Amino acid sequence: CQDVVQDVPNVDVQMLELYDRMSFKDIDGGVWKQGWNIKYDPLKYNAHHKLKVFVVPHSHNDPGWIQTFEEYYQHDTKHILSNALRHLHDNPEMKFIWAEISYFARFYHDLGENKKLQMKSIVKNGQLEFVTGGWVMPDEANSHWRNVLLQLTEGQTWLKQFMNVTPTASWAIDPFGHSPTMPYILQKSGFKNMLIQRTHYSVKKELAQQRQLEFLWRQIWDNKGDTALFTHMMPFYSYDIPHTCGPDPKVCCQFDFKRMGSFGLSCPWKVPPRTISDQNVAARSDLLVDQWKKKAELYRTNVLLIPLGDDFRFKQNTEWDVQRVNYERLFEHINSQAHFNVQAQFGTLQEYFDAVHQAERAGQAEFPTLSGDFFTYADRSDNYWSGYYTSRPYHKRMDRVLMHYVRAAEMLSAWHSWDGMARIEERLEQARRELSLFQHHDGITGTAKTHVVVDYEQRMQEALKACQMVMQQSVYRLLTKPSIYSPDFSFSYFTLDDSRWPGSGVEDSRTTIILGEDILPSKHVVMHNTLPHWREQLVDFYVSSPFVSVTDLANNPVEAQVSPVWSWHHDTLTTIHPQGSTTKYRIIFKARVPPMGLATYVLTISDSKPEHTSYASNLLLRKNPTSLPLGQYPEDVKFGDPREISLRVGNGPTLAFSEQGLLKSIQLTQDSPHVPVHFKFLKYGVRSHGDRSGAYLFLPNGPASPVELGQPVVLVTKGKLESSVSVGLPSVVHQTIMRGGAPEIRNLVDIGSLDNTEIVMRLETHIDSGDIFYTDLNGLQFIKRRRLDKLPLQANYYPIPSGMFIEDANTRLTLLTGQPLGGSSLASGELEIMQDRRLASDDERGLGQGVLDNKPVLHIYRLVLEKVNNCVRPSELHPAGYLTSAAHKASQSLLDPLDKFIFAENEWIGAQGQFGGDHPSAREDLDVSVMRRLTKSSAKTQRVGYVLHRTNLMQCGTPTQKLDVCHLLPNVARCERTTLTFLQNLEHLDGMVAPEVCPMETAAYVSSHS
Ligand SMILES: [Zn+2]
C-alpha cells in the first residue's frame, strides 16, 4: 500500500497552488469576452498534417427542473428519442450521444417489439452512443459518493441487460462545478476518459494559455498515479452551439440552423443563420474553418471536438433535417478543398477520445498531470454559485436519511433468497431509482420549480416506506425460530422508530408504546447495526408511563434513564417557550449490537420507580415563571433566572453555556484548560441595487450581522446517561446534547416569512488557523482550502457535504454534518455553516422564481475538540487532510445510526435474542458501504455483491478480526474482484478470499454460492 501521509505527489497543476498565484482579473478579451484574440500559424496544417474535426450532436435532457420528470417525458423527451431512432436508421452517417438512462429506460419499455430491434441495431453499429450511462448526470457538490455510485450502477446495469454496452467515456456538461470524486469512481468502474464544462471563467483562461485543458486527473494523495483519468475541459462560457464552434459566438450562432425559418428562435448577436447553397458555401466555410482553427490552438493534438446541441434539442423531424443537410453541405465543400487541409464529419465522444490517444501514441503530444477540485464556480464577474450548497435544505437532509434506509434495506434482505410473492426486488428497485433520480443537478441542489420539488419529495417518501417494509419483514425472518416462522408478506410485524427524521418538532408522528400491568405489561424492541464492527449506543423510545425497566431477552437488567417529552411554541402575547407532555415519556438505554447484526430488548411496566431506571432533573431558566406540570413524571421542574451553566456526562468533556443557552467553553479532562468555543447565530441579506441572490447565486450585502436574541427561554435537562441545553431563538430551537463524548448539536430551523435572509451558525475559537481550513468532497476525502481576501466573501464558501475542520500546532475543532450545507472559515479560529435561505428574487439562470417555499427542518451535527500535537500530520505542502478515529466515528453516528424496530402485536412466539454474534468485527477504518443480493430466487447460482471502503485516519499513538466478505454467506463456490458497478470480473481470487484494501481505496467483490 502507498503511504498517503508522508509523500506529496509531484503534479504539473495543483489547484490550491494555482489559486494562490492567479490574479482572477475580469478583463474584456474581445469577441471571446473572458479570454483573448486567438491567433494561429496558417502553415501549421498542410497535405501531411491535417486538422481532423468531429461534430458530435447531443441533447441536454434534465430529469426535472422547470417541469417534472413525467411532464418532460410526455412533452419533450419521448419525441427526441422517437425522432433519433427514425433519423439515425434512415441516415447511417448521422451520429448522436445520450447521457440520461432514467429517460432512455422509460422510452425503451414503451416501444413495440419491432422498434426495440431497430433501436438495438443503431446502438450495436455505433450511431447512437451512450455517454457515462448513469440514471442521471449528478450534482458533484452536495452528493454523497455512495449515491453517485448507486445512480451510475442503476443506469449501467440497465444498459448491460438491455443494450449489451458499458460506456467508458463520461459527459458532464451542466453540474455547477466539478469534484475529483467523479474520476475516482469512474476509474474504478472501467472508464478511460471524461469531459467537464462548468469551471470558473478565470481557470478556463489560465489553463487555455498553457494548453492544459486536457490533463491526467489524479487524487490529491496519489503519489504513484494509478487513480489518473484522462479529462477534457471545454474552454468557453456555455455548451450551447454559439459557444462550441470557436471563440466568437456572433459567428457560431449563424451555424445553429434551428435559429432561422419557422421555429421562432433567433441570434442575440443579431446576425441570423443562412441556408448553405452553392452561392455562399465558400464564404460560409471560410468563417467556420477559421473558428475551428482558433479553437484548435487551445489543445495539443490535430483532433478537434465540436459539440452540436442545447437543452431538449432534436425534438422535431424538421430540426434533424435542417441541422444534418446544412452541415453535410459544409463537410462536402471543406473536405473537397485542399487549401483548408481539414477532414470534418459527424462523430461520437468515444471516436474523439480514441483519435486523441492515437495522436498521443504517435508522439504528437504529452499531457500534463493535475490534482485538486473545481469549486467554487463563477460564470461571470462576482456571480459565484455557492447558494445551491444550501437551497431547499429540508430535501438535502432527506437525501441522507434515504441513503441510510436504502443501505439498511439492501443489507437486511441480502442474508436470504425471497419468494417472488414477497415483492422484495420490486420495492428495492423503486427505492434505488427514486434516490438515484434525486442526485440530478436540479434535485439535491435545490434549483427546481416548487411543484418539481414536491414531486421529488413524494417520490422519496414512497422510497422510505418501501425500505421500511423490506427492513421489518427481514428482521422478523432473522429473529424468529424456524419452527414458528410462517410469514404473511403483506403484514407489519414491526414499525420503525426514527428520532431524527423528520424530527418530533417537524412532524409529531413517533409511536408511543402503551404498557399497563393488566392489558399489556411488556414490549419487544430490536436494534440493527449496518456497520461491520460491534457498536454500543444510546437509543430512545416513547412510552405511556415513566415506570419502565429494560432487560435483554435473557432477562439481564439494563441501566436506563427516563426524560420528559418537550415541544416549543410561540406565545402570541409575549416569547418562544417549552411545554411538557403529561401523557408520554422517553426511555433511554445503551444497546450493544453485533457487526452487521441485530439485538432484542424488552421494556416492562411497574407500579413505581424501578431499581435500574433513573429520572432526569429539569431546570427552566426564565424570569417570571408559570407552572409546568408533567403528569406521572416523578421529579418537579425547577425554576431560576437566566445564568451561566456547566454540564458533564460520565468522565467525558465538561461544557459551559452563556445565559442565552449557547456554548462558551469545552474542558476535555479534569486537569486540562477551559478552551473557549462560542456558538453564535448571524444573518446575511440581499443587495438593493445590482445582482440579487437566488437558488444558485450567493450575493451578500456585506458581512453577516448579529441576530437580536432578546432574553430567550433556556431548558436544562440533566441525567446520568443523557443531558441537554435547549434554547428558543428567533427562527431556531438550538440544542446541545451530551452522552459522554463529543456533543450532538440539533437546530430546528423555521425561517418563516423572513424574506431576503440567510441564517448562518458560526463557531469562534482561539485556534490559530490563519487562512487555512478543511472541507470534504462527497463524504469521501478532506481537501485543504485557503481563504483568499482578493476574492469576494461568496467565493470563500465551499460545499460541506459531511464535515469541516480548523487546526494549529496543538488543537483541532471538527464539525460533522447529517446534511450537505454551504460553509467557510472567514477569519482565524472560525467555522461557519448556513442553515436556510429565503430569497424573493430570481437570479437570471432560467429557474424563473425565487426561493419562498421554505419549511421547518431538523439539522444535526457532532462537535469534536481534540489535541493534535501527538498526531503524525501530513507535511505543510500536502493538499489533503485526514480525520481522527473520534471524528470518523462521530460522522458514522450521524450518517448510519442504529435502526430501531417496535414489535407491532401483543405476543412474539419464537422471539430470538441476537443475529450476527459470529460476524467478524473489522478494523475501525473499514466499512461495508454496500451489501446487495444480485440474483432472484430462480437463479441456480446465487450471487452477492459487496463494496468495501477503507478511509485513512491520523495516527495519534493510542493503537480486531480480518473481514473476508466472500465467506459471510455459506457454500461459497467462487469469489471475484469486480468493477464498483459489479458488471465486469477483474480477478478470480486465490482461496475464495476477498483481501484487505489499502488506505483511501474502494474495491468491489462478488461471491457465488451453490
Ligand atoms: Zn441540466
Side-chain angles (χ1 to χ4, degrees), residues 31-32 38 40 42 45 50-59 80 83-84 86-97 127 236 238-296 303-348 351-352:
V31 292
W32 183 17
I38 295 169
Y40 57 93
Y45 295 107
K50 297 173 53 176
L51 183 67
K52 178 62 169 293
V53 179
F54 289 112
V55 175
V56 178
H58 72 94
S59 182
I80 298 166
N83 277 309
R86 193 202 310 157
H87 212 91
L88 298 169
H89 176 85
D90 291 354
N91 299 278
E93 70 297 352
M94 190 51 178
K95 304 287 161 77
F96 194 53
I97 61 166
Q127 285 183 263
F236 302 139
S238 175
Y239 56 75
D240 66 6
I241 291 166
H243 302 86
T244 48
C245 100
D248 189 349
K250 172 182 274 204
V251 178
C252 294
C253 194
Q254 301 172 52
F255 299 88
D256 188 348
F257 295 99
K258 200 183 186 201
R259 296 180 186 241
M260 63 176 190
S262 60
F263 293 105
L265 300 177
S266 66
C267 282
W269 300 273
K270 289 201 140 206
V271 185
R274 283 183 279 130
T275 298
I276 307 304
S277 69
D278 281 8
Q279 292 63 52
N280 68 17
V281 69
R284 296 275 75 187
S285 307
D286 178 284
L287 292 194
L288 185 60
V289 173
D290 173 71
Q291 286 304 301
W292 293 348
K293 285 183 185 184
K294 286 168 169 163
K295 193 183 187 192
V303 176
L304 185 64
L305 177 60
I306 304 294
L308 187 82
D310 205 343
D311 288 8
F312 292 102
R313 286 301 195 92
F314 292 104
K315 186 180 166 158
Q316 296 134 102
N317 62 324
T318 50
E319 175 183 0
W320 285 87
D321 278 321
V322 77
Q323 301 283 30
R324 180 183 47 87
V325 171
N326 284 292
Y327 272 94
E328 285 181 350
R329 289 181 193 130
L330 290 161
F331 298 156
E332 176 156 40
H333 180 81
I334 292 169
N335 292 340
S336 76
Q337 291 284 325
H339 71 84
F340 288 124
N341 296 300
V342 171
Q343 177 50 45
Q345 56 207 63
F346 299 116
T348 71
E351 196 172 11
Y352 171 75

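Quick note: numbers below take in every heavy atom, side chains included, and nothing from hydrogens, waters or symmetry partners. Throughout, residue positions are numbered sequentially from 1 according to the sequence presented.
The distance from atom CG of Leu304 to atom NZ of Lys52, rounded to the nearest 0.5 Å, is 12.0 Å. Between the OG atom in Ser59 and the CZ atom in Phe312 there is a gap of 7.5 Å [rounded to 0.5 Å]. Distance CG/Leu287 to SG/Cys245: 9.5 Å, rounded to 0.5 Å. Rounding to the nearest 0.5 Å places NE2 of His87 at 6.0 Å from CE of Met94. Atom OG1 of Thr244 and atom NE2 of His58 lie 6.0 Å apart (nearest 0.5 Å). Going from atom CG of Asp286 over to atom CG of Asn280 covers 12.0 Å, rounded to the nearest 0.5 Å.
A pairwise comparison of heavy atoms in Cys252 and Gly246 identifies SG-N, 3.4 Å as the closest pair. Considering every non-hydrogen atom in both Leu305 and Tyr352, the closest pair reads N-CE1, 3.4 Å. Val342 and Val53 make their closest contact through CG1-CG2, 4.1 Å (heavy atoms, listed as atom of the first residue, atom of the second, distance). In plain terms, the two heavy atoms of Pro273 and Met260 that are nearest each other are O-SD, 3.7 Å. Closest non-hydrogen pair, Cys253 versus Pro268, comes out as SG-CD, 4.3 Å.
More than 12 non-hydrogen atoms from other residues, nucleotides or ligands lie less than 6.0 angstrom from CD of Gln316. Environment of CG in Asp278: sparse, with no more than 12 heavy atoms of neighbouring residues, nucleotides or ligands closer than 6.0 Å.
The backbone N or O of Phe236 sits nowhere less than 3.5 Å from a side-chain atom of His243 that would complete a donor-acceptor pair. Side-chain atoms of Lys293 come within 3.5 Å of backbone atoms of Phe340 as a donor-acceptor pair (strictly under, hydrogens ignored). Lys258 contributes no side-chain N or O that, together with a main-chain N or O of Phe314, makes up a donor-acceptor pair within less than 3.5 Å. Between the side chain of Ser285 and the backbone N or O of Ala282, no donor-acceptor pair lies under 3.5 Å.
Salt-bridge formation is detected for the pair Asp256/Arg313: a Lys NZ or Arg NE/NH1/NH2 atom is positioned less than 4.0 Å from an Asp or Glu carboxylate oxygen.
The aromatic rings of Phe331 and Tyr327 sit tilted, their planes meeting at an angle between 30° and 60°.
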Side chain to side chain contact (heavy atoms under 4.5 Å, CB included) between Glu93 and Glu328, worked out
CA-CA 10 Å; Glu93 70 297 352; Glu328 285 181 350; 2.4 Å; yes
Show, in sequence, the C-alpha distance, side-chain angles and deciding distance for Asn83 and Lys315, and conclude whether the side chain to side chain contact (heavy atoms under 4.5 Å, CB included) test is met.
CA-CA 7 Å; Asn83 277 309; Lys315 186 180 166 158; over 6 Å; no
Going through the checks in order, is the side chain to side chain contact (heavy atoms under 4.5 Å, CB included) test met by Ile241 and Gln323?
CA-CA 11 Å; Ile241 291 166; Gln323 301 283 30; 4.0 Å; yes
Stepwise, does the side chain to side chain contact (heavy atoms under 4.5 Å, CB included) test hold for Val325 with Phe257?
CA-CA 10 Å; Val325 171; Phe257 295 99; over 6 Å; no
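Two residues are said to be in side-chain contact when any heavy atoms from C-beta on lie closer than 4.5 Å; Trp269 and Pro242 meet this criterion. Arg284 places none of its side-chain heavy atoms less than 4.5 Å from the side chain of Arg329. Using a 4.5 Å heavy-atom threshold, the side chains of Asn341 and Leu51 count as separate. At a threshold of 4.5 Å between non-hydrogen side-chain atoms, the residues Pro272 and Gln254 do not count as touching. Counting heavy atoms from C-beta on, the side chains of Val281 and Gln337 never come closer than 4.5 Å. Within the 4.5 Å cutoff, the side chain of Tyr239 has heavy atoms near those of the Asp310 side chain. Counting heavy atoms from C-beta on, the side chains of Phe54 and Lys95 never come closer than 4.5 Å. With contacts defined as side-chain heavy-atom distances shorter than 4.5 Å, the pair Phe96/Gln127 does not qualify.
Ring centroids of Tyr45 and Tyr40 are separated by 6.0 Å or more, keeping the two rings apart.
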